[PDB]
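Just one chain is shown here, as structure tokens, and it is the form deposited in one PDB entry.
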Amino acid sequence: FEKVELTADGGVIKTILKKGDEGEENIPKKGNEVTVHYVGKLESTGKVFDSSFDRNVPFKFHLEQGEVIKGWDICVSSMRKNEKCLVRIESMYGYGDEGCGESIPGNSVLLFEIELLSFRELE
């Protein structure tokens, strides 16, 4: 239901599907080891290119430290533990004009579902 514009650019647009756990110790902070589950489809074809659920291996990364796509950094730094969102990430905040191999053509709108499982205070 809740539609959040995450960039003034409109590039990252998040829809909350399940409100996260309320409180402070539940919202992750910059540089923390984030653990997420996600599904990535291409807006064009609705084809899944990646599913952490389907591989049963959650994705861990350090928030806002440039490890993942910019759409992901922005998106994840706006979530609560146990939040599920939909994020429409525009190619600029994704893989840009190059794209990324076969799965993802140049200039591709990305649709993720992202669940924030947990986070440690790591590096």
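Residues carry their position along the shown sequence, with the first being 1. Here the rigid core means the biggest group of C-alpha atoms that line up within 1.5 Å when the two forms are laid on top of each other.
- Between 17 to 25 and 103 to 111, it is 17 to 25 that carries the larger average Cα temperature factor according to the deposited entry.
- Per the PDB record, of the two stretches 26 to 34 and 54 to 62, 26 to 34 carries the greater mean B-factor over its C-alpha atoms.
One more form of this protein, deposited in another entry, exists but is not displayed; see below.
- Superposition of the core reveals a Cα shift of 2 Å or more for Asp54 between the shown form and the other one.
- With the core held fixed between the shown form and the other one, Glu102 has its Cα displaced by under 2 Å.
- Whereas the shown form places them at one spacing, the Cα atoms of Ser52 and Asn82 lie at least 3 Å farther apart in the other entry.
- The pair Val87 and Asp54 is tighter in the other entry: their Cα-Cα distance falls by no less than 3 Å compared with this form.
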